[PDB]
Every structure is written in structure tokens, then in C-alpha cells.
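**Student:** In order, the protein sequences belong to chains A and B.
According to full-length UniProt numbering, the first sequence holds residues 36 to 193, 201 to 251, 262 to 288, 291 to 370, 372 to 399, 414 to 431 in order.
According to full-length UniProt numbering, the second sequence holds residues 36 to 193, 201 to 251, 262 to 288, 291 to 370, 372 to 399, 414 to 431 in order.
Number of protein chains: 2
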Amino acid sequence: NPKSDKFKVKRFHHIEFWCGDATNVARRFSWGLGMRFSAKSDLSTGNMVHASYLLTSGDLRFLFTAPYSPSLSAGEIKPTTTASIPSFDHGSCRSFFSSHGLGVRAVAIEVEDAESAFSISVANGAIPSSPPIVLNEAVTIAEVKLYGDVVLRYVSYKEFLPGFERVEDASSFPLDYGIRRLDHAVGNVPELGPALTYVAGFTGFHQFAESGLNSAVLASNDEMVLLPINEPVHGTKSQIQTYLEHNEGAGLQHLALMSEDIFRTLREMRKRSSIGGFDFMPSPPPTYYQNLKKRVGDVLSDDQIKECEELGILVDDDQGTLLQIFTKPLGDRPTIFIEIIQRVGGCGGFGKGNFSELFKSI
Amino acid sequence: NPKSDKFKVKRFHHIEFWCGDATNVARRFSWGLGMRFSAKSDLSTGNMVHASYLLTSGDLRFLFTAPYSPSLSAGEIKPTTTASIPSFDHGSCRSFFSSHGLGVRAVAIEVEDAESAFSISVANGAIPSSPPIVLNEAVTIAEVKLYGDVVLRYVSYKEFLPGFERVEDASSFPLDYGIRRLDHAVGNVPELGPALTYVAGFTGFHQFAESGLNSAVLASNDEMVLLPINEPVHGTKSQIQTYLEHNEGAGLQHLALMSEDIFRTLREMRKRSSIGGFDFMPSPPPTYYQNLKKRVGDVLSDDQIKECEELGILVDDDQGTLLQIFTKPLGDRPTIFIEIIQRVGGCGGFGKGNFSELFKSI
Ligand SMILES: O=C1CCCC(=O)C1=C(O)c1ccc(C(F)(F)F)cc1[N+](=O)[O-]
Ligand SMILES: O=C1CCCC(=O)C1=C(O)c1ccc(C(F)(F)F)cc1[N+](=O)[O-]
Ligand SMILES: [Co+2]
Ligand SMILES: [Co+2]
């Protein structure tokens, strides 16, 4: 950990999904994941450009943005626009959604100064996506191309964003399953070589870490933001190659959401998989948990290990051990999905040893 | 009722929504309305063109179709395609979804013969949308332009559709709130004149029926399919004019879903409005229900009338009385919404008298 970050980054701020209808996506994710309706920005607030709805579960913030009819804001220009997120564009959102479907547009990171972070990034090789825009003389947002069509959004403060309105405490249900923070966001790239040296080039992020894939992890000075990047290899399958085929290019593979009580979260979500929520990947056979008594027998009690077999949880090092489960793809395309992890910054790893442990069941 | 239908139509068959992501829309509607996951047609079944998911609640069938990546079916042509619905097209679906957002694409009606119904319709002035296609030598589907970009789909049998697969009885939750059938589907048109004489021209459907709108209803020989069409008037507001502005053209305004126990359905849905379901329109003041004892006092008991005020239900003629409630718009745009009705074919009317009864509260 040389702490070679070119500028001071704080932590993950929010994740912005781009879809054609932000309502139906925000309603499903809120029920399937337990994120309360936080803030809104649409025609009811005065936004004639895009409809944005924020879901929050602890510190995690999920934003869902969809475009309106361009004729509504036809009489507007950028200086007098009414969009809460000035980085928005009708052409880019419909191009992003027609090429990738439902996917993550921007991985937002809170920094010390967004205007300074934009200049240092661009001067070190970052492709500028959106110039720094000041908002109500309090919030500043900037965006640079991350990989594919996903952009890295810098945000700095001196409340979510201006223009948004906090929903009424009675008009929103305080849903909460246990998810608190965003752990890491992983993206798939055809070549990790040019990608790892690019992202770490304008950020100074240091590297934190039969296979079917090759991957490495970038992290900040305190390992609070973690950006793993994968690359496929041919000669097996290669589920990451099928990602690039169905996603039609690079993009964010999965979001890792941290929870305080992974058993309560998986109990709340598995009871909702078939009533609007999210379906989980197939659980490993008891052979996997028969070997769990040998790997984490001294780390976990048999009553708790057997409970992991009931929910189908994957366990896996030196600094500590982590628990993890993977949700099925979040939409029609077999692309983006969700990973629920519990650690006991970046302690426990990323379940890289589970690839060999899962094959041992056969 | 002259029974002047040019061909024998049976009843409403299904409704097909067109969105960019069929999963998130089908998961929300199933939880918010109580429709079980019926059949699917996607890559898991062999469809490399579109992802379609059928929701059923009694006889009502809601279909949700979204396009895949065109490169997946790039090596296919129409004779050797793998799409379950041959009427599908990547260009039309993305054009429909980029112009109208989430909306109804096809109002399907079961007929005696789809090939004959297509020929009689086209020969009487219908604009052909999709030619008749035979499916597994058992099902025949045909489509003609209805109004705007909505098309009227004819379907005839000799199971939903071939290519689809019935989901497993264990992999689907038997959700059921009480909705059983589709009553009527209403569309907004800039001019009902050219629209009413067009739709009734190639179908022979007879007319069944300060205002802010002008409307008329078309119906079959047995009044089992009901297609009301509205037109705005300027000089008030005009919520139908705002429909044509946000929908960017004509389209289906609202779907009327019939239920057997309107009180149970509204009790199941109102408890789910803030947890992924559908929000309802504002309920009328008790002044509206103070006049309910004078209009339907001899038609309903005070214990049941007071219960209608708790759920905020609208009541309204000669043949009988009907109950009705309107859901808020189903997505980002203030366009398409849902109406829950209970009748005691087409008996009770369409709540046309509620416009004057609602204004009496002031
Ligand atoms: O967290 C990461 C990034 C590094 C490599 C990786 O595959 C990670 C996964 O989240 C992960 C871990 C384990 C498995 C397993 F073993 F279950 F297949 C799968 C994944 N994965 O591809 O998401
Ligand atoms: O069913 C119809 C079609 C004919 C006219 C009409 O407006 C119908 C409605 O479903 C309806 C009825 C009453 C109201 C009221 F009174 F609550 F405003 C509103 C509608 N509507 O526009 O859907
Ligand atoms: Co991960
Ligand atoms: Co109606």
C-alpha cells in the first residue's frame, strides 16, 4: 500500500443505473433488496429532462435515471436547463440502454474536490466524460470515462444532490434488510492489461490482488474503494466472454453490497425471490459444506456452518474470512448481477478460492 | 346492438407491453397486481431475439416483451428465426420504447380464424401491421394498426403460444388478489372522428356509448370486447392532451381489469403501494360518499358504502351499477394507468357520471 493516489478519495458515494423506465426498476430493487425510497427528481419537482429516483439502505445509495420525451425540454439549453444531473443526455442514455440494456452508468466516488480531481485525472490520461459542474454553490460533480460506457463520477461537498427532494416520511416505507454499504464494483474488459494501467494511471490506485478468467483489484489509500477488473480466457465456457457478447461491450459485472447480518438479509430476500424480488444462483451441494468443517471449522460453529448450507452461502484467508452469495442476473440479459458479502477494508479477499472449492463437489 | 361485426370475435386474449427490460416490469406487476408467473420465452427456452414473460390472473394475460442484442440473432432470417412472436422487430420495439416509454403495444383479441379476420380487416380499411403467421400448425396470429403505434392482434386456435414454456409449479408463486378478466382498453386519439370511423370500419363494431374530453365506445356483438376512444377539448387542463404530449402521440390510456372481490383486491394492492406495488389516485373527500347514500343508498348497504370510503372507491345506471378506482400512472410518464372495476357485458357504464359527482365535493 504505497498510498500513491493522485488525489484524496473518500469512499463510494452512489451507483447510477440507466434504464428506460426508472419507476419499475426502482420499485423492484426496493422490494427485492430492502432499500427505502429516499429522494426523487422528476416532473413533480420540476425536472422536465430525466426522472431520477434514489434508493438508500444505510450508506448505500442506488440511483435510477430514465429520460423523458425530448420535446418536453426542447425549449431549454444547458445554462437554463431543469435537470438535476447536468451530465444527463437523451442521446447517450438511449444509446447506452439500446446497446447494454439495464446496466450501471456511473460508479460515483466522493472526493475532497471534484474540480481538482477532474483536472488531475484528465492530465494523467483520463478520457473526460463530463466537465466539472457546480450545483447550488455547494456540490460539484465531474465524470471521466472508466471502461466501456461506464464513467467514474467525482462528487465533492462543502442531502444527496440539489434539485432532488426528500420524499415524505409517510409516503415511503422504511424497508431495511441489513445492507449498509457498497463493498466493491467489478467490471469486465476484453483486456485487463490496457484497462488496469489506464484506470490506475489517472487515479494512482495500487493493485490489491482452468480458471476461466484473469482479474486484478485496484484500491485507494485506505482500501475503501475497490475496483476489480476481469478479463476472459479461451480454451475451457468463459462466462465473462458471454458477458461481453450479451452486454455488447465492456461494463460493470456485479455490485458487491455489504450487510451487517448476512443471514437476515438472505432470509429476507430469499422469501421474496418469487414475489417480485431477486432470484439467487444455485446453491452448492452439501459436499461443499462437508469441506467447510475442515476449512473454517476453527473459524465458525457447526450450528452456523449448517445454517450457511440452508441459505447456500459461500465461505472463503490470512487477514480474515468472508461470506458471499451471488444473485442471478438482474434483468433479461445474463450480464449484471448482485453479490452479497459479509466480512469479519477488503478483508477476507474476493472469494477467489471458491472456484477450486466449488469444483471439489464433483 | 345490430351485431354488425364483419367477423366473429370471441373475447380479449392478452395484452402485450413493450419495454426495454421485461424482467423488472414483470416482477413489479406480478407483485403489485397479483398475477402469477405463467409462461416464458427467452434464451433459456431458445429465443435469441426477444425476452417475453407472461403474467396471468384468472383469464387475464399480461405479456411483457423486451429485445435482446441484435447480434445474437444476426445469423438468423425470418423463415429460420427463433422468436416465439414472429411479429417482433428490434427496430420497431426500440422506436416504440424511445418514443412512448413503457406502454401497451398490442391489444390481442381471440377470433374464430385469424387468417380470415386479417383479410376482412385489411379489405375494409385496416392498415396491415403484421401478416398472418401460422405457429406449429395450431395457432395463427395476425396484426393490424389500431391507433398510434398500438396494433390489434388477432389470434385463433384449433396453452398460450408455441415456443413458450410453462414455468414450473414450484418456481412460481401462485399470487392471486382477485383480478380475473380484462374489461375494456381505452386509448387517446387527437380526433375521435377519424378514429371511431376507422376502427369500426374494418371491424363492424357498433357504438356502445366542462367535460374536458369527448369519448365513444366500440363493442362486439356480445359486448365482450370494449374499445373506448377519447379525444381532448381545449378551453378548460385537458389531461388527455397532456397524455398526447408526454406519450408523444396516440396510445392506450388505461386498462380496466375486472375483479370478483374489489374490496379484497384493493386491500391487497393498497398494502403494497409503498413496497414495490402500484400507488392509487387521491381518494375523494367524504362529501362524495355523503352523496353516495342518496345515489346508491337503495343499491348498497351503509356498512359497504362506508367501506368504499375507506378504500376510496368511485360508484356510479339503468342496467346496473359499477365500482371503480384508478391507479396512478404505471411508470415515469403520466400516461398509461390501471383501472380496477367491479360490475353488478359492459353493465354499469364507464363511470361517466363520476366527472360531475367528483366536482360536487367542492
Ligand atoms: O469479487 C470478485 C472479483 C475477483 C474475481 C471474482 O470472480 C470475484 C467474484 O465476486 C466471484 C467470486 C467467486 C465466484 C465463484 F467461485 F462462486 F464462482 C464467482 C465470482 N464472480 O464471478 O462474481
Ligand atoms: O372508462 C372510461 C372511458 C369513457 C370515459 C372515461 O373517462 C372512462 C374512465 O375510465 C374514467 C371514468 C371516470 C373518471 C373520473 F370521474 F374519476 F374522473 C375518470 C376516467 N378516466 O379518464 O379514466
Ligand atoms: Co465480487
Ligand atoms: Co375505463
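Each residue gets a CB set at the ideal place from its N, CA and C atoms; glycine is no exception.
Run through DSSP, which three-state label would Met312/B get?
**Tutor:** The sequence position of residue 312/B within the second sequence is 258, counting from 1. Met312/B falls in the strand class under three-state DSSP.
**Student:** Please report the residue range of the beta strand (DSSP E) in which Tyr240/B lies.
**Tutor:** Translated into positions along the second sequence, residue 240/B becomes position 198. Here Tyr240/B belongs to no beta strand (DSSP E); instead the alpha helix (DSSP H) covers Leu234 to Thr245.
**Student:** Here's a check: name, in chain order, each residue in its chain whose Cβ is nearer than 6 Å to the Cβ of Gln374/B, leaving out the five neighbours to either side.
**Tutor:** Indexing the second sequence from 1 puts residue 374/B at position 319. Excluding residues within five positions, the ones whose Cβ falls inside 6 Å are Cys416.
**Student:** Where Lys193/B and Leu309/B are concerned, what is the direct C-alpha to C-alpha distance, given to the nearest angstrom?
**Tutor:** As a first step, residue 193/B is located in the second sequence; it is residue number 158 there, counting from the start. As a first step, residue 309/B is located in the second sequence; it is residue number 255 there, counting from the start. C-alpha of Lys193/B to C-alpha of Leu309/B: approximately 28 Å in a straight line.
**Student:** With a CB to CB cut of under 6 Å and the five nearest residues on each side skipped, what residues in its chain are close to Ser156/B?
**Tutor:** Taking the second sequence and counting its residues from 1, the one referred to as residue 156/B is at position 121. Taken in chain order, the residues that qualify are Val179 and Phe244.
**Student:** Who are the near neighbours of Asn82/B in its chain, counting only those whose CB is closer than 7 Å to its CB and skipping five residues on each side?
**Tutor:** Reading the second sequence from its first residue, position 47 is the one you call residue 82/B. Taken in chain order, the residues that qualify are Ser76, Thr117, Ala118, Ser119 and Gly205.
**Student:** Applying the criterion that 16 or more other CB atoms from any shown protein chain within 10 Å of the CB defines a buried residue, is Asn171/A buried or exposed?
**Tutor:** Reading the first sequence from its first residue, position 136 is the one you call residue 171/A. With fewer than 16 other Cβ atoms within 10 Å, it is exposed.
**Student:** Are the CB atoms of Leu89/B and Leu98/B nearer to each other than 8 Å?
**Tutor:** Looking up residue 89/B in the second sequence gives position 54. Looking up residue 98/B in the second sequence gives position 63. Going by C-beta atoms, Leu89/B is nearer than 8 Å to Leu98/B.
**Student:** I'd like to know whether the C-beta atoms of residue 30/B and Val353/B end up nearer to each other than 8 Å.
**Tutor:** For residue 30/B there is no data in the structure shown, the boundaries of chain B being 36 and 431.
**Student:** Give the DSSP-derived three-state secondary structure of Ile391/B in the structure shown.
**Tutor:** Within the second sequence, numbered from 1, the residue matching residue 391/B stands at position 336. Shown here, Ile391/B sits in coil according to DSSP, grouped into three states, outside any helix or strand.
**Student:** My assumption, with CB atoms under 8 Å, is that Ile168/A sits in contact with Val231/A. Please give the rounded CB distance.
**Tutor:** Within the first sequence, the letter at position 133 stands for residue 168/A. Within the first sequence, the letter at position 189 stands for residue 231/A. With 8 Å as the limit, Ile168/A and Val231/A do not qualify as a contact, their Cβ atoms being about 28 Å apart.
**Student:** Going straight from the alpha carbon of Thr382/A to that of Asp40/B, what length do you get?
**Tutor:** For the purposes of this step, residue 382/A is taken as the residue at position 327 of the first sequence. For the purposes of this step, residue 40/B is taken as the residue at position 5 of the second sequence. Their Cα atoms are separated by approximately 51 Å.
**Student:** Relative to ligand 3, is the shortest distance from any of its heavy atoms to the C-beta of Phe419/A smaller than 7 Å?
**Tutor:** For this step, residue 419/A is matched to residue 350 along the first sequence. Within the cutoff, so yes.
**Student:** Determine the chain A residues that contact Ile329/B at a beta-carbon separation under 8 Å, and present them in chain order.
**Tutor:** Taking the first residue of the second sequence as 1, we reach residue 329/B at position 275. Chain A residues near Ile329/B: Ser65, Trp66, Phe215 and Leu217.
**Student:** Would you identify the three-state DSSP class for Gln374/A, choosing helix, strand or coil?
**Tutor:** Walking along the first sequence from the start, residue 374/A turns up at place 319. In the three-state DSSP reduction, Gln374/A falls in the coil class, being neither helix nor strand.
**Student:** Taking the DSSP output, what are the residues bridged to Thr175/B?
**Tutor:** Within the second sequence, numbered from 1, the residue matching residue 175/B stands at position 140. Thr175/B is bridged to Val169/B and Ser191/B.
**Student:** Taking the alpha helix (DSSP H) that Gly126/A belongs to, which residues open and close that run?
**Tutor:** In the first sequence, counting from the first residue as 1, residue 126/A sits at position 91. First-last of the alpha helix (DSSP H) with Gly126/A: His125 to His135.
**Student:** Tell me which residues share the same chain as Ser134/B and place their Cβ nearer than 6 Å to its Cβ, disregarding the 5 neighbours each side in the sequence.
**Tutor:** Along the second sequence, read from residue 1 onward, the residue named residue 134/B stands at position 99. If we look at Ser134/B and ignore the five residues flanking it on each side, its Cβ neighbours are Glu302.
**Student:** Compute the Euclidean distance between the alpha carbons of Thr80/A and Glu207/A, then round it to the nearest angstrom.
**Tutor:** Here the question's residue 80/A lines up with position 45 in the first sequence. Here the question's residue 207/A lines up with position 165 in the first sequence. C-alpha separation (whole angstroms): 7 Å.
**Student:** On the premise that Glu426/B lies in contact with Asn345/B, defined as a C-beta separation below 8 Å, what is that separation, rounded to the nearest angstrom?
**Tutor:** One-based indexing of the second sequence puts residue 345/B at position 291. One-based indexing of the second sequence puts residue 426/B at position 357. Indeed they touch by this definition, with Cβ atoms about 7 Å apart.
**Student:** Which residues, in order along the region 116 to 148 of chain B, keep a beta-carbon less than 7 Å from a beta-carbon of chain A?
**Tutor:** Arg129, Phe132, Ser133, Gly136 and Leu137
**Student:** Is there a Cβ of chain B sitting closer than 8 Å to that of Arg62/A, yes or no?
**Tutor:** Here residue 62/A corresponds to residue number 27 of the first sequence, with the count starting at 1. Closer than 8 Å to some Cβ of chain B, the Cβ of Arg62/A qualifies, so yes.
**Student:** Look up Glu145/A in the DSSP assignment and give the residues it is bridged to.
**Tutor:** The residue you call residue 145/A lines up with position 110 of the first sequence. BP columns for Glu145/A point to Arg46/A and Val190/A.
**Student:** Would you kindly check if the distance between the Cβ of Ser108/A and the Cβ of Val84/A is under 8 Å?
**Tutor:** Sequence index remark: in the first sequence, residue 84/A carries index 49 (1-based). Sequence index remark: in the first sequence, residue 108/A carries index 73 (1-based). Yes, Cβ-Cβ distance for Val84/A and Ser108/A is below 8 Å.
**Student:** What residues in its chain sit with their C-beta under 6 Å from that of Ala177/B, if we drop five residues either side in the sequence?
**Tutor:** What you label residue 177/B is simply residue 142 of the second sequence in a count that begins at 1. So the list reads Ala149, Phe153, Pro167 and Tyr189, once near-sequence residues are dropped.
**Student:** Whose Cβ in chain A lies nearer than 8 Å to the Cβ of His300/B?
**Tutor:** Along the second sequence, read from residue 1 onward, the residue named residue 300/B stands at position 246. Chain A residues near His300/B: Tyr103, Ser104 and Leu107.
**Student:** Under 7 Å: does the beta carbon of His300/B sit that close to some heavy atom of ligand 2?
**Tutor:** Position 246 of the second sequence holds residue 300/B. No - ligand 2 has no heavy atom lying nearer than 7 Å to the Cβ of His300/B.
**Student:** Would you say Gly205/B faces chain A, with C-beta separation under 8 Å as the test?
**Tutor:** Residue 205/B sits at position 163 when you count from the first residue of the second sequence. Output row for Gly205/B: interface = no.
**Student:** Can you tell me whether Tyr103/A is helix, strand or coil according to DSSP?
**Tutor:** The residue labelled residue 103/A in the question sits at position 68 within the first sequence. Here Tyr103/A sits in coil by DSSP.
**Student:** List the whole-angstrom C-beta distance separating residue 290/B from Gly136/B, where the pair is believed to meet the contact cut-off of C-beta under 8 Å.
**Tutor:** No coordinates exist for residue 290/B; the numbering of chain B passes from 288 to 291 with nothing in between.
**Student:** Are the beta-carbon atoms belonging to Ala74/B and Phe202/B less than 8 Å from one another?
**Tutor:** Start at 1 with the first residue of the second sequence, and residue 74/B comes out as number 39. Start at 1 with the first residue of the second sequence, and residue 202/B comes out as number 160. Their beta carbons are under 8 Å apart, which means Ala74/B touches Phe202/B by this criterion.
**Student:** How would you list, in chain order, the residues of chain C whose beta-carbon sits under 7 Å from the beta-carbon of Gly386/B?
**Tutor:** Going by chain labels, chain C is absent from the structure shown, which instead holds the protein chains A and B.
**Student:** Using CA coordinates, which residue listed in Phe52/B, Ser130/B, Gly246/B and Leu320/B is at the minimum distance from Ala141/B?
**Tutor:** On the second sequence, residue 141/B is found 106 positions in, with the first residue counted as 1. Ranking the options by Cα distance to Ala141/B, first place goes to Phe52/B.
**Student:** Hey, how far is the Cα of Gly264/A from the Cα of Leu306/A?
**Tutor:** Locating residue 264/A in the first sequence gives position 212, where the first residue counts as 1. Locating residue 306/A in the first sequence gives position 252, where the first residue counts as 1. Taking the straight line joining both Cα atoms gives about 18 Å.
**Student:** Ligand 3 and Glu394/A: does any heavy atom of the ligand fall closer than 7 Å to the residue's C-beta?
**Tutor:** Here residue 394/A refers to the residue found at position 339 of the first sequence. Yes.
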